[PDB]
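K.L.:
Dropping the structure in here first, questions after.
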Amino acid sequence: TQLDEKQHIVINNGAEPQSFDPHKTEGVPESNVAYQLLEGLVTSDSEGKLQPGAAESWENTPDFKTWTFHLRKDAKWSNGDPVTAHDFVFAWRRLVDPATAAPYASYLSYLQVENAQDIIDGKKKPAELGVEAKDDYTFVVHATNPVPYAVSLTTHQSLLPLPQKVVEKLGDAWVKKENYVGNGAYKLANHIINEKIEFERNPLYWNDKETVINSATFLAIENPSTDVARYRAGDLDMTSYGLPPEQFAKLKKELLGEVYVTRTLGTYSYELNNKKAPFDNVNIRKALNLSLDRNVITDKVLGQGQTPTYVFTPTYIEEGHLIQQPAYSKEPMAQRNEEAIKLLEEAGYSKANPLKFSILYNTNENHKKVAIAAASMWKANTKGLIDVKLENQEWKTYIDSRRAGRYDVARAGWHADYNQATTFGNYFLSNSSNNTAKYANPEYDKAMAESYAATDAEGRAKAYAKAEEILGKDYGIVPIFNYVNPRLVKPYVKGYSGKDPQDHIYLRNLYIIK
């Protein structure tokens, strides 16, 4: 109706990102940046519905095994280089190349691309990956099993293209702000570590004509109450997706029309280090699960719409409907707690010699609050048999610690990469690059492997239900809740729906009104 003349926006991105290289990262802060600077084959509107990206058209064979993408013949990188199918081949090869050490190396195995797993395992060379430039503007993906959800998988940050000629010339130094070249709607204007990232329009973006926001700042505010205070002072326009539980009822009523709450495809858990004593003991992992009351966390600590869960996959995801919550979750807490105490005593713990460990979490007052509640319930519910310390680390360090296995128990959130159960299922494959729990059950792997041959939704859904049952019986992690994403958004910011199940923010989807 009435567009503002300025079109500037300030968004809390919540943390300093590990990297602006989409092959070196696996987190939300990092994808939020990468999604402004780069664009894959296909992208999303404000509600997460798929629309053309670098590919203007695409099709599949009826067996869902061959996917052909038609790239834009005149599209250019921000430096004027042509965007071609060779950039996609280059990037996707780099993702699976063991030498890249990519956290999301396994993603192309999830897409069942021919030879992706063998390349990840070092059995074949990256050039053997089953993707090709049939010509400069025709990118073809060959899958070994049917992947009817292939198009949605292509929207992930790990499958963004890279400027081959730049990256080959400059190596990993391509990522420096002076050198960064991309094909998204924006480019880096400035980066001050722990303070701000500044974006400006990429005028060579194929769809720059439809981009409205001229400039934006991403802040790196870790604590939700700091986020909210800055918002109230008018110094930022959209919070990150955490709000203080103590302010929440007040904010809803006082700032009516500004509090969004997106129901998202996400699970909050404590991940147990399955290879580090004593979490290699299933009996101890079971005790931890029995004695944690999820309702305390969702109803009393947070209370924002988060729902209790005892499984990893959100059961409301596409093809997740057959997954069952485990039986113990229907037992009284008193029965659960007695079982837990017996398991811990059987494992040699006492009030005098309690089970001692640290909860690792990324600095964030909401995570601290949940960790305090967890440590408090574990101690009290086991009559002193568990004694928990808290360890906060900066986001980057926290991610590094989880990946290096330098942890006992770690706060962990997984948000869907695509709206289908396997984005969760695939995480716990023994060979998954995403599996920082070091969970490994050949029967789990077989259940998921059998899913990928299935030709029907019911057949897939049944296999996923079996996988969750195996992971559940192994007590591999401690699932706690399914996310909502509470955010404050100024009334002058439009294009944020509150209905995107992955709650992406593309600057090119926003606009400021007067």
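K.L.:
Could you please report the charge total around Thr455, scoring K, R as +1 and D, E as -1 over all other residues with beta-carbon less than 14 angstrom from its beta-carbon?
P.N.:
Once positives and negatives cancel, what remains is -2.
K.L.:
Rounded to the nearest 5, what is the percent of antiparallel bridges among the DSSP beta bridges in the chain?
P.N.:
75 percent
K.L.:
Sticking with this one: Do the alpha carbons of any pairs in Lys356/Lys438; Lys73/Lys499; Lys49/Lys438 sit beyond 25 Å of each other, and which pairs?
P.N.:
Where the Cα-Cα span goes over 25 Å, the pairs concerned are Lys73/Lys499; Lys49/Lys438.
K.L.:
Roughly how many whole Å is it from the C-alpha centroid of the stretch 244-270 to that of the stretch 45-117?
P.N.:
Comparing the Cα centres of the stretch 244-270 and the stretch 45-117, I get a distance of 35 Å.
K.L.:
Counting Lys and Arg as +1 and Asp and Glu as -1, each charge on the Cβ, what is the dipole of the stretch 273-385 about the Cα centre in debye, to the nearest 20?
P.N.:
460 debye
K.L.:
Charges on Cβ only, +1 for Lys and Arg, -1 for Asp and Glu, centred on the Cα centroid of the stretch 39-163; of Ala85, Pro52, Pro62, which one is farthest towards the dipole's positive end?
P.N.:
Going by the charge dipole, the pick is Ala85.
K.L.:
Still on this model: Let me know the shape class of the stretch 161-207, please: from the alpha-carbon gyration tensor, a ≥ b ≥ c as square roots of the eigenvalues, rounded when a/c is under 1.5, otherwise prolate if a/b is greater than b/c, or oblate.
P.N.:
Oblate is the answer for the stretch 161-207, as a/c is 1.5 or above yet b/c matches or exceeds a/b.
K.L.:
Rounded to the nearest 20 debye, what is the charge dipole size of the chain about its Cα centre when +1 sits on each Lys and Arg Cβ and -1 on each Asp and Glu Cβ?
P.N.:
Rounded to the nearest 20 debye, it is 1140 debye.
K.L.:
Scan the stretch 200-297 for trypsin sites (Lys or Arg not before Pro) in coil per DSSP, keeping those whose Cβ has at most 14 other Cβ atoms within 10 Å, and list them by number.
P.N.:
Sites meeting the loop and neighbour criteria: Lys275.
K.L.:
Ok, one more. Across the stretch 474-485, in residue order, what do the Karplus-derived ³J(HN,Hα) couplings come to in whole Hz, using 6.51 cos²θ - 1.76 cosθ + 1.60 with θ = phi - 60° and x for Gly and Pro?
P.N.:
With the stated coefficients, the stretch 474-485 comes to 8, 6, x, 9, 10, x, 10, 8, 9, 5, 10, 10 Hz.
K.L.:
Kindly provide the trypsin sites (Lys or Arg not before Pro) of the stretch 1-86 that DSSP labels as loop, not H, G, I, E or B, and whose Cβ sees at most 15 other Cβ atoms within 10 Å.
P.N.:
Those satisfying the criteria are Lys6, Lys49, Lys73.
K.L.:
Then there's this: In square nanometres, what is one fourth of the surface area of the convex hull spanned by the alpha carbons of the stretch 39-163?
P.N.:
Hull-based average projected area comes out at 7.6 nm².
K.L.:
Let me ask something else. Calculate for the chain the 222 nm mean residue ellipticity that helices alone would give, adding -39,500 (n - 2.57) per DSSP H run of length 4 or more and normalising by residue count, nearest 500 deg cm²/dmol.
P.N.:
-8000 deg cm²/dmol
K.L.:
Can you tell me how much longer the chain between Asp387 and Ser225 gets when fully stretched, taken as 0.36 nm per residue apart minus their C-alpha distance, in nm with one decimal?
P.N.:
55.5 nm
K.L.:
So, one more: How large is the dipole of the stretch 5-83 about the Cα centre if only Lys and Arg carry +1 and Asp and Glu carry -1, each at its Cβ, rounded to the nearest 20 debye?
P.N.:
140 debye
K.L.:
Quick one: net charge of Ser44's neighbours, Cβ under 15 Å, K/R +1, D/E -1?
P.N.:
-4
K.L.:
Next up: Per residue, how big is the convex hull of the chain when only Cα atoms are used? Give it in Å³.
P.N.:
That works out to 141 Å³ per residue.
Bear in mind these aren't lab numbers, they're just calculated from the coordinates by the rules spelled out. Cβ coordinates were reconstructed from backbone atoms using ideal geometry, including for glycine residues, and neighbour counts include every protein chain displayed.
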